[PDB]
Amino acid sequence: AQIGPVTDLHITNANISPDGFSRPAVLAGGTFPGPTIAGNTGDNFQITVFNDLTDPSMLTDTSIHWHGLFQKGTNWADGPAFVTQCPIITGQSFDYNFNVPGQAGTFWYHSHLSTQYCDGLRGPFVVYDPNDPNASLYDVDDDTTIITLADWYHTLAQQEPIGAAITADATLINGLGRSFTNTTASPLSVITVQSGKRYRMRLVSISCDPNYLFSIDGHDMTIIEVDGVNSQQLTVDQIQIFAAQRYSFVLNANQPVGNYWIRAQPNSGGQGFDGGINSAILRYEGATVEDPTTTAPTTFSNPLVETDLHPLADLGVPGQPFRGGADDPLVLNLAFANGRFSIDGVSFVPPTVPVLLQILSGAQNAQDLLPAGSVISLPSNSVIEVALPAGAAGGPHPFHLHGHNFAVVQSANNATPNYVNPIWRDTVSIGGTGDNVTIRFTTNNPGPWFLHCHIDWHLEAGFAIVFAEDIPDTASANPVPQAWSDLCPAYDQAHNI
(Lines of atoms letter the chains of each structure in order from A and count residues from 1; the text may use other names and numbers.)
(Lines give C-alpha, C1' and ligand atoms only; values in the text may rest on other atoms or scores of the structure.)
Protein backbone atom coordinates (compact mmCIF):
# COMPACT_ATOMS: atom_id res chain seq x y z
CA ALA A 1 0.00 0.00 0.00
CA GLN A 2 2.90 2.36 -0.76
CA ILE A 3 2.21 4.82 -3.59
CA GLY A 4 4.53 6.37 -6.13
CA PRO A 5 6.84 7.29 -7.57
CA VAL A 6 4.14 8.53 -9.99
CA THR A 7 0.87 9.11 -8.09
CA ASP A 8 -2.00 11.41 -7.38
CA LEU A 9 -2.28 12.65 -3.79
CA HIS A 10 -5.55 14.21 -2.65
CA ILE A 11 -5.55 16.64 0.28
CA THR A 12 -8.90 16.63 2.07
CA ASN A 13 -10.62 17.53 5.29
CA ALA A 14 -12.08 14.74 7.41
CA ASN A 15 -12.77 13.87 11.02
CA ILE A 16 -10.34 11.52 12.77
CA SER A 17 -10.08 10.16 16.29
CA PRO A 18 -6.53 8.74 16.64
CA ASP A 19 -6.68 8.93 20.47
CA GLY A 20 -10.44 8.54 20.82
CA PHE A 21 -11.16 12.32 20.56
CA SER A 22 -12.79 13.42 17.30
CA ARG A 23 -11.56 16.49 15.47
CA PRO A 24 -11.34 17.67 11.89
CA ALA A 25 -8.00 17.35 10.11
CA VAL A 26 -6.06 18.06 6.92
CA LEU A 27 -5.15 14.69 5.40
CA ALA A 28 -3.16 13.32 2.53
CA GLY A 29 -4.61 10.15 1.07
CA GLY A 30 -7.44 10.11 3.59
CA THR A 31 -5.36 8.93 6.53
CA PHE A 32 -3.21 10.08 9.42
CA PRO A 33 -0.33 9.79 8.82
CA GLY A 34 -0.62 9.97 5.07
CA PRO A 35 0.29 7.02 2.85
CA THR A 36 3.93 6.21 2.28
CA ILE A 37 5.29 7.67 -0.94
CA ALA A 38 8.09 5.43 -2.21
CA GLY A 39 10.44 4.71 -5.04
CA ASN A 40 14.03 3.76 -5.74
CA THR A 41 17.13 5.91 -5.78
CA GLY A 42 17.31 8.03 -8.89
CA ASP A 43 13.62 7.70 -9.70
CA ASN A 44 11.43 10.41 -11.18
CA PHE A 45 8.69 11.28 -8.70
CA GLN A 46 5.59 12.86 -10.20
CA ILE A 47 3.26 13.62 -7.25
CA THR A 48 0.14 15.36 -8.51
CA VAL A 49 -1.25 17.06 -5.45
CA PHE A 50 -4.99 17.76 -5.57
CA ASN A 51 -6.05 20.44 -3.12
CA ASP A 52 -9.62 19.49 -2.14
CA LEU A 53 -9.67 21.44 1.13
CA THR A 54 -12.84 23.33 2.08
CA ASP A 55 -12.55 24.05 5.82
CA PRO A 56 -10.94 27.47 6.37
CA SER A 57 -10.26 26.74 10.02
CA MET A 58 -7.19 24.74 8.86
CA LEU A 59 -6.51 26.85 5.72
CA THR A 60 -7.89 25.88 2.32
CA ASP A 61 -4.58 26.56 0.53
CA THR A 62 -1.69 24.06 0.73
CA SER A 63 1.87 23.39 -0.34
CA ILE A 64 3.89 20.19 0.24
CA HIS A 65 7.58 19.79 1.02
CA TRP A 66 9.53 16.58 0.44
CA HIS A 67 11.76 16.72 3.48
CA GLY A 68 15.42 16.00 2.91
CA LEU A 69 15.25 15.61 -0.88
CA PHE A 70 17.76 17.96 -2.45
CA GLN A 71 15.65 19.15 -5.42
CA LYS A 72 18.75 19.97 -7.47
CA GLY A 73 17.54 21.78 -10.59
CA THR A 74 13.95 21.60 -9.28
CA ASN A 75 13.93 24.22 -6.54
CA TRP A 76 10.42 25.17 -7.66
CA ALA A 77 9.20 21.74 -6.45
CA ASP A 78 10.63 22.03 -2.91
CA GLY A 79 7.34 23.20 -1.34
CA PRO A 80 7.98 25.92 1.33
CA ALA A 81 5.24 28.50 0.85
CA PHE A 82 6.52 31.92 -0.19
CA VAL A 83 10.06 30.58 -0.50
CA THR A 84 9.78 28.37 -3.59
CA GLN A 85 6.10 28.69 -4.58
CA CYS A 86 2.80 30.29 -3.89
CA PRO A 87 0.32 27.83 -2.30
CA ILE A 88 -1.99 25.67 -4.38
CA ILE A 89 -5.56 26.95 -4.05
CA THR A 90 -8.58 24.79 -3.42
CA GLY A 91 -10.02 23.02 -6.42
CA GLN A 92 -6.67 23.04 -8.21
CA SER A 93 -3.80 20.58 -8.50
CA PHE A 94 -0.06 20.77 -9.02
CA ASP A 95 2.48 18.21 -10.24
CA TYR A 96 5.60 18.06 -8.10
CA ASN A 97 7.88 16.51 -10.75
CA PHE A 98 11.42 15.87 -9.52
CA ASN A 99 14.18 13.29 -9.37
CA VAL A 100 16.15 11.79 -6.46
CA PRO A 101 19.66 11.17 -7.85
CA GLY A 102 22.25 10.13 -5.31
CA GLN A 103 19.84 9.79 -2.38
CA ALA A 104 18.44 6.69 -0.70
CA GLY A 105 16.99 6.50 2.76
CA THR A 106 14.12 7.53 4.98
CA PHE A 107 12.41 10.88 4.36
CA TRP A 108 8.92 12.35 4.89
CA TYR A 109 6.52 14.84 3.36
CA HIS A 110 4.46 17.53 5.02
CA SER A 111 2.52 20.70 4.45
CA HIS A 112 4.83 23.69 4.38
CA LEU A 113 2.17 26.39 4.70
CA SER A 114 1.80 27.97 8.15
CA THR A 115 1.29 25.33 10.88
CA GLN A 116 -0.90 23.20 8.62
CA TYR A 117 1.18 20.05 8.89
CA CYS A 118 0.27 19.93 12.56
CA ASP A 119 -3.39 19.56 11.47
CA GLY A 120 -2.50 16.27 9.78
CA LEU A 121 -0.71 16.64 6.46
CA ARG A 122 2.36 14.49 7.20
CA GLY A 123 3.51 11.10 5.97
CA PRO A 124 6.56 8.95 5.23
CA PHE A 125 8.63 9.11 2.04
CA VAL A 126 11.05 6.22 1.41
CA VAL A 127 13.70 6.01 -1.30
CA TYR A 128 14.90 2.39 -1.42
CA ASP A 129 18.35 1.33 -2.64
CA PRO A 130 18.39 -1.82 -4.81
CA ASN A 131 22.10 -2.11 -3.98
CA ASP A 132 21.84 -0.93 -0.35
CA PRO A 133 25.20 -1.50 1.37
CA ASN A 134 23.26 -2.37 4.53
CA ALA A 135 20.99 -4.95 2.84
CA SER A 136 22.59 -7.97 4.44
CA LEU A 137 21.95 -6.66 7.96
CA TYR A 138 18.20 -7.43 7.88
CA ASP A 139 15.53 -9.61 6.36
CA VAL A 140 12.44 -7.36 6.22
CA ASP A 141 12.16 -3.71 5.07
CA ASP A 142 8.71 -2.61 3.85
CA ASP A 143 5.69 -0.59 4.85
CA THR A 144 5.27 -2.72 7.99
CA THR A 145 8.69 -1.62 9.32
CA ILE A 146 8.06 2.16 9.18
CA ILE A 147 7.46 3.67 12.65
CA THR A 148 6.13 7.22 12.77
CA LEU A 149 6.16 9.35 15.93
CA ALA A 150 3.66 12.21 16.01
CA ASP A 151 2.36 14.83 18.37
CA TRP A 152 -1.40 15.34 18.17
CA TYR A 153 -3.43 18.32 19.35
CA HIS A 154 -7.12 18.61 20.20
CA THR A 155 -7.04 22.34 19.47
CA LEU A 156 -6.70 23.23 15.78
CA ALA A 157 -3.36 24.77 14.80
CA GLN A 158 -4.84 28.07 13.62
CA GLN A 159 -6.92 28.24 16.83
CA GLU A 160 -4.06 27.92 19.33
CA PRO A 161 -4.63 31.04 21.43
CA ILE A 162 -2.16 33.93 21.39
CA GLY A 163 -0.16 33.99 24.64
CA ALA A 164 -1.01 30.50 25.97
CA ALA A 165 1.51 27.62 26.09
CA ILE A 166 1.10 25.07 23.30
CA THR A 167 1.41 21.39 24.19
CA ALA A 168 0.10 18.29 22.58
CA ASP A 169 -2.72 16.08 23.82
CA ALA A 170 -1.43 12.68 22.64
CA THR A 171 1.59 10.87 21.26
CA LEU A 172 0.69 8.81 18.21
CA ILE A 173 2.87 5.89 17.10
CA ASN A 174 1.86 4.74 13.62
CA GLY A 175 -1.17 6.99 13.95
CA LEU A 176 -2.56 5.65 17.22
CA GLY A 177 -2.09 6.45 20.86
CA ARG A 178 -3.86 7.64 23.99
CA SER A 179 -4.66 11.10 25.26
CA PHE A 180 -2.69 12.58 28.17
CA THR A 181 -5.82 13.87 29.90
CA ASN A 182 -9.19 12.19 29.93
CA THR A 183 -7.34 9.09 28.82
CA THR A 184 -9.45 6.43 27.18
CA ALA A 185 -8.45 2.92 26.25
CA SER A 186 -8.43 3.60 22.55
CA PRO A 187 -6.53 1.14 20.31
CA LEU A 188 -2.74 1.08 20.38
CA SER A 189 -0.61 0.41 17.35
CA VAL A 190 0.86 -3.07 16.98
CA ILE A 191 4.15 -3.73 15.19
CA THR A 192 4.45 -7.44 14.43
CA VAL A 193 7.68 -9.39 14.12
CA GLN A 194 8.61 -13.06 13.66
CA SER A 195 11.03 -14.68 16.14
CA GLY A 196 14.43 -15.05 14.51
CA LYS A 197 14.07 -12.44 11.79
CA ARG A 198 15.77 -9.06 11.55
CA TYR A 199 13.91 -5.87 10.56
CA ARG A 200 14.98 -2.50 9.14
CA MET A 201 12.82 -0.26 11.31
CA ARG A 202 12.54 3.18 9.71
CA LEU A 203 11.87 5.57 12.59
CA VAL A 204 10.40 8.87 11.41
CA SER A 205 9.66 11.87 13.60
CA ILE A 206 6.75 13.69 11.99
CA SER A 207 6.54 15.91 15.08
CA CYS A 208 5.47 19.56 15.06
CA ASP A 209 7.35 20.11 18.34
CA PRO A 210 8.43 17.53 20.91
CA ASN A 211 11.45 15.35 20.80
CA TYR A 212 10.89 11.75 21.88
CA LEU A 213 12.90 9.27 23.94
CA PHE A 214 12.20 6.14 21.88
CA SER A 215 12.85 2.61 23.15
CA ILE A 216 11.57 -0.93 22.94
CA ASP A 217 11.43 -2.95 26.15
CA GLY A 218 13.73 -5.95 26.10
CA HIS A 219 15.33 -4.97 22.83
CA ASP A 220 18.16 -2.88 21.54
CA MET A 221 18.44 -1.05 18.25
CA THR A 222 21.36 -0.97 15.79
CA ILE A 223 21.38 2.34 13.92
CA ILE A 224 22.33 2.07 10.24
CA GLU A 225 20.94 5.32 8.77
CA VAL A 226 20.62 8.94 10.00
CA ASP A 227 18.43 11.40 8.06
CA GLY A 228 19.12 9.58 4.77
CA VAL A 229 22.83 9.04 5.44
CA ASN A 230 24.09 5.48 5.90
CA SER A 231 25.94 5.05 9.19
CA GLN A 232 28.30 2.58 10.73
CA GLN A 233 26.34 0.20 12.96
CA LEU A 234 25.72 1.79 16.37
CA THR A 235 23.85 -0.25 18.99
CA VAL A 236 21.73 1.76 21.43
CA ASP A 237 18.85 1.04 23.81
CA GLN A 238 17.21 4.49 23.55
CA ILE A 239 17.02 7.10 20.80
CA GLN A 240 16.30 10.77 21.50
CA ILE A 241 14.77 11.82 18.18
CA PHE A 242 14.02 15.46 17.41
CA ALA A 243 11.32 16.86 15.15
CA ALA A 244 11.79 15.84 11.50
CA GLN A 245 14.75 13.49 12.11
CA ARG A 246 14.88 9.90 10.89
CA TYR A 247 16.83 6.79 11.85
CA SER A 248 16.88 3.32 10.49
CA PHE A 249 17.74 0.68 13.04
CA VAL A 250 18.00 -3.07 12.89
CA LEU A 251 15.60 -4.78 15.28
CA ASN A 252 16.58 -8.39 15.91
CA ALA A 253 13.46 -10.34 16.97
CA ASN A 254 15.67 -12.22 19.47
CA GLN A 255 13.59 -12.07 22.65
CA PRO A 256 11.05 -14.67 23.80
CA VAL A 257 7.82 -14.75 21.85
CA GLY A 258 5.64 -12.24 23.63
CA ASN A 259 4.50 -8.63 23.84
CA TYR A 260 6.88 -5.75 24.52
CA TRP A 261 6.13 -2.07 25.06
CA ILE A 262 7.28 0.42 22.47
CA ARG A 263 7.87 3.74 24.26
CA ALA A 264 8.03 7.28 22.89
CA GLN A 265 8.33 9.84 25.70
CA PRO A 266 7.88 13.45 24.53
CA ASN A 267 9.79 16.26 26.24
CA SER A 268 6.52 18.12 26.88
CA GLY A 269 2.98 16.90 27.40
CA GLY A 270 2.25 13.74 29.35
CA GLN A 271 5.08 12.22 31.32
CA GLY A 272 5.18 8.46 31.77
CA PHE A 273 2.98 5.69 30.51
CA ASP A 274 -0.09 5.63 32.77
CA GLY A 275 -3.09 4.19 30.97
CA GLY A 276 -0.93 3.34 28.00
CA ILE A 277 -0.07 6.85 26.88
CA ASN A 278 3.18 7.29 24.95
CA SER A 279 3.01 3.62 23.97
CA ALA A 280 2.64 1.04 21.23
CA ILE A 281 3.05 -2.76 21.20
CA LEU A 282 5.74 -4.95 19.69
CA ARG A 283 4.02 -8.33 19.21
CA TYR A 284 5.75 -11.50 18.14
CA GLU A 285 3.87 -13.90 15.88
CA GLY A 286 2.33 -16.53 18.12
CA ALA A 287 2.11 -14.26 21.18
CA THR A 288 -1.13 -13.88 23.08
CA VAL A 289 -3.18 -10.84 22.02
CA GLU A 290 -2.76 -8.86 25.22
CA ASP A 291 -0.82 -5.86 26.46
CA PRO A 292 2.83 -6.18 27.33
CA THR A 293 3.79 -6.54 30.96
CA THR A 294 7.39 -5.37 30.49
CA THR A 295 8.95 -2.38 32.17
CA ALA A 296 11.59 0.11 31.15
CA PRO A 297 14.84 0.35 33.10
CA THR A 298 15.30 3.27 35.45
CA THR A 299 18.40 4.26 33.50
CA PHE A 300 19.14 3.26 29.92
CA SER A 301 22.48 1.59 29.33
CA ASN A 302 23.41 2.85 25.88
CA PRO A 303 21.46 5.96 24.90
CA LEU A 304 22.21 7.47 21.50
CA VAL A 305 24.81 10.24 21.66
CA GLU A 306 25.14 12.03 18.31
CA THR A 307 28.96 12.14 18.35
CA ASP A 308 28.98 8.30 18.44
CA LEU A 309 27.45 8.17 14.94
CA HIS A 310 29.75 8.02 11.91
CA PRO A 311 29.05 7.71 8.19
CA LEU A 312 29.32 4.32 6.56
CA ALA A 313 31.07 5.97 3.61
CA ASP A 314 34.19 8.09 3.86
CA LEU A 315 32.41 11.46 3.80
CA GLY A 316 34.91 13.56 5.78
CA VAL A 317 34.25 17.22 6.50
CA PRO A 318 34.76 19.96 3.91
CA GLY A 319 37.01 22.90 4.67
CA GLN A 320 39.81 23.16 7.20
CA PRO A 321 39.87 21.56 10.66
CA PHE A 322 39.22 24.59 12.87
CA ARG A 323 36.45 27.07 13.62
CA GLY A 324 35.97 29.44 10.72
CA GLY A 325 37.89 27.14 8.38
CA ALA A 326 35.48 27.61 5.50
CA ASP A 327 35.10 29.88 2.48
CA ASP A 328 31.95 31.43 4.01
CA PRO A 329 31.96 31.00 7.82
CA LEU A 330 28.79 32.23 9.48
CA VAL A 331 27.67 32.55 13.08
CA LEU A 332 23.93 33.12 13.49
CA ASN A 333 22.49 35.08 16.42
CA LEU A 334 19.40 33.00 17.26
CA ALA A 335 17.04 34.80 19.67
CA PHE A 336 13.52 34.88 21.10
CA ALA A 337 11.62 37.73 22.69
CA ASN A 338 8.01 38.76 23.12
CA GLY A 339 6.51 35.90 21.19
CA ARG A 340 8.81 36.17 18.15
CA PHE A 341 12.00 34.44 17.12
CA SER A 342 14.72 36.16 15.16
CA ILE A 343 17.90 35.33 13.28
CA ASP A 344 20.51 38.12 13.25
CA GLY A 345 17.86 40.46 14.55
CA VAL A 346 15.22 39.71 11.90
CA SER A 347 12.04 37.73 12.52
CA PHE A 348 10.91 35.78 9.43
CA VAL A 349 7.56 36.84 8.00
CA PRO A 350 6.78 35.18 4.65
CA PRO A 351 6.95 37.59 1.67
CA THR A 352 4.13 38.20 -0.81
CA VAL A 353 6.25 37.17 -3.81
CA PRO A 354 8.05 33.85 -3.29
CA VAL A 355 11.80 34.25 -3.01
CA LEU A 356 12.39 32.03 -6.05
CA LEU A 357 10.05 34.16 -8.19
CA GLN A 358 11.78 37.35 -6.99
CA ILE A 359 15.09 35.88 -8.20
CA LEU A 360 13.68 34.72 -11.54
CA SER A 361 12.26 38.23 -12.06
CA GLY A 362 15.80 39.63 -11.81
CA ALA A 363 16.45 40.47 -8.15
CA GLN A 364 20.06 39.68 -8.06
CA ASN A 365 21.45 40.25 -4.63
CA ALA A 366 20.20 39.26 -1.37
CA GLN A 367 19.89 42.84 -0.16
CA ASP A 368 17.25 43.22 -3.05
CA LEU A 369 15.27 40.21 -1.81
CA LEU A 370 12.25 40.26 0.46
CA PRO A 371 11.84 39.85 3.30
CA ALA A 372 14.56 42.39 3.95
CA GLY A 373 17.26 40.98 6.14
CA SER A 374 15.84 37.44 5.97
CA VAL A 375 17.61 36.33 2.77
CA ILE A 376 21.37 35.69 2.92
CA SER A 377 23.30 34.96 -0.26
CA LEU A 378 25.75 32.07 -0.44
CA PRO A 379 28.49 31.89 -3.08
CA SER A 380 28.70 28.94 -5.43
CA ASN A 381 31.13 26.04 -5.13
CA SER A 382 32.16 27.10 -1.63
CA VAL A 383 32.49 25.51 1.80
CA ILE A 384 29.92 27.02 4.15
CA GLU A 385 30.11 26.80 7.93
CA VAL A 386 27.12 27.79 10.07
CA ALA A 387 27.46 28.03 13.83
CA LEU A 388 24.08 27.93 15.59
CA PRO A 389 24.72 28.81 19.25
CA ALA A 390 21.79 27.88 21.49
CA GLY A 391 20.14 29.82 24.29
CA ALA A 392 16.87 31.02 22.73
CA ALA A 393 13.78 30.00 24.71
CA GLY A 394 11.79 26.96 23.72
CA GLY A 395 14.76 24.70 23.01
CA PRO A 396 16.28 22.37 22.23
CA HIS A 397 15.69 23.63 18.69
CA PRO A 398 16.07 21.16 15.78
CA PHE A 399 17.42 23.23 12.92
CA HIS A 400 16.88 22.02 9.37
CA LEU A 401 18.32 23.10 6.03
CA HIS A 402 16.51 22.46 2.74
CA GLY A 403 18.41 21.44 -0.42
CA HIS A 404 21.29 19.89 1.50
CA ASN A 405 22.57 17.62 4.15
CA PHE A 406 25.52 18.71 6.24
CA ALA A 407 28.37 17.55 8.42
CA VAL A 408 27.57 18.02 12.12
CA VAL A 409 30.97 19.38 13.14
CA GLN A 410 29.76 20.08 16.68
CA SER A 411 26.83 18.45 18.46
CA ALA A 412 24.70 19.31 21.45
CA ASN A 413 26.12 19.08 24.94
CA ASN A 414 29.74 18.59 23.85
CA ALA A 415 32.11 21.46 23.23
CA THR A 416 34.53 19.43 21.08
CA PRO A 417 34.22 19.77 17.30
CA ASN A 418 34.88 16.84 14.93
CA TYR A 419 36.57 17.68 11.65
CA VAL A 420 37.31 14.02 10.81
CA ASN A 421 34.25 11.76 10.76
CA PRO A 422 31.06 13.30 12.16
CA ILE A 423 27.71 12.13 10.97
CA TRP A 424 26.01 14.02 8.14
CA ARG A 425 22.29 14.72 8.47
CA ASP A 426 19.61 17.32 7.63
CA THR A 427 18.03 18.24 11.00
CA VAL A 428 20.13 18.78 14.12
CA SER A 429 19.38 19.72 17.71
CA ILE A 430 21.31 22.88 18.58
CA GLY A 431 21.33 21.85 22.24
CA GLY A 432 21.38 23.94 25.38
CA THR A 433 22.70 27.14 26.79
CA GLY A 434 26.37 27.67 25.86
CA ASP A 435 26.39 25.04 23.09
CA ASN A 436 27.80 25.81 19.66
CA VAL A 437 26.33 23.27 17.28
CA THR A 438 27.95 23.86 13.92
CA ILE A 439 27.25 22.50 10.43
CA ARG A 440 29.21 22.47 7.17
CA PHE A 441 28.30 21.84 3.53
CA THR A 442 29.41 22.80 0.03
CA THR A 443 27.28 24.93 -2.29
CA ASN A 444 26.57 22.84 -5.38
CA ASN A 445 22.79 23.40 -5.58
CA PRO A 446 21.65 26.82 -6.86
CA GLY A 447 18.40 28.14 -5.41
CA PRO A 448 16.75 29.59 -2.30
CA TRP A 449 16.93 27.07 0.54
CA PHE A 450 15.05 27.52 3.79
CA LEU A 451 16.97 27.23 7.12
CA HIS A 452 14.71 27.06 10.15
CA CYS A 453 13.80 25.48 13.43
CA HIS A 454 11.57 22.48 12.68
CA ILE A 455 9.39 23.09 15.74
CA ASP A 456 6.59 24.33 13.54
CA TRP A 457 5.26 26.74 16.14
CA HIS A 458 8.71 28.40 16.16
CA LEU A 459 8.93 28.59 12.37
CA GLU A 460 5.53 30.30 12.42
CA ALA A 461 6.85 32.74 15.01
CA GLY A 462 9.77 33.69 12.78
CA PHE A 463 12.68 31.31 13.47
CA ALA A 464 13.99 31.13 9.90
CA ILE A 465 16.15 32.62 7.16
CA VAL A 466 16.53 31.80 3.48
CA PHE A 467 19.93 30.98 1.98
CA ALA A 468 19.84 32.27 -1.59
CA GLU A 469 22.51 29.90 -2.87
CA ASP A 470 24.18 30.99 -6.11
CA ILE A 471 21.69 33.68 -7.11
CA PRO A 472 23.40 34.18 -10.50
CA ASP A 473 22.84 30.59 -11.59
CA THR A 474 19.40 30.08 -10.02
CA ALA A 475 17.34 30.79 -13.16
CA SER A 476 19.48 28.71 -15.50
CA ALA A 477 19.67 25.83 -13.00
CA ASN A 478 15.95 25.67 -12.22
CA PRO A 479 13.77 25.96 -15.37
CA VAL A 480 10.18 26.24 -14.22
CA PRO A 481 7.04 24.61 -15.68
CA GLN A 482 4.08 26.67 -16.77
CA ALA A 483 1.97 25.24 -13.94
CA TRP A 484 4.44 26.70 -11.43
CA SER A 485 4.35 30.07 -13.16
CA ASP A 486 0.54 29.93 -12.87
CA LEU A 487 0.55 29.43 -9.09
CA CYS A 488 1.13 33.00 -7.92
CA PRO A 489 -1.38 34.68 -10.26
CA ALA A 490 -4.02 32.13 -9.22
CA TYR A 491 -3.26 32.51 -5.51
CA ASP A 492 -3.13 36.28 -5.55
CA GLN A 493 -6.42 36.46 -7.53
CA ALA A 494 -8.13 34.13 -5.05
CA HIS A 495 -6.87 36.14 -2.06
CA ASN A 496 -7.39 39.57 -3.65
CA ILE A 497 -3.70 40.43 -3.43
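Throughout, rigid core stands for the largest set of C-alpha atoms superposing within 1.5 Å between the two forms. In this text, residue numbers run from 1 along the sequence as written.
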query: Which of 136-144 and 154-162 strays further in 9 other deposited structures of this protein - Cα RMS after rigid core alignment; finding: 154-162
query: Comparing 318-326 and 165-173 where Cα RMS over structures and residues is taken in 9 other deposited structures of this protein (core fit), larger one; finding: 165-173
query: Segment of higher mean CA temperature factor, 179-187 or 307-315; finding: 179-187
query: Selected stretch [higher average CA B-factor]: 363-371 or 226-234; finding: 363-371
query: Selection by C-alpha B-factor (highest) of 427, 240, 294, 205; finding: 294
query: C-alpha B-factor winner, where the candidates are 392, 407, 384, 244; finding: 392
query: CA B-factor placement of residue 123, once the chain's modelled residues are sorted into thirds; finding: lowest
query: Where the record places residue 267 (Cα B-factor, split into thirds across the chain); finding: middle
query: Assigned third (lowest, middle, highest) for the C-alpha B factor of residue 434; finding: highest
query: Assigned third (lowest, middle, highest) for the C-alpha B factor of residue 75; finding: lowest
query: Entry-reported Cα temperature factor of residue 401, expressed as the chain third it lands in; finding: lowest
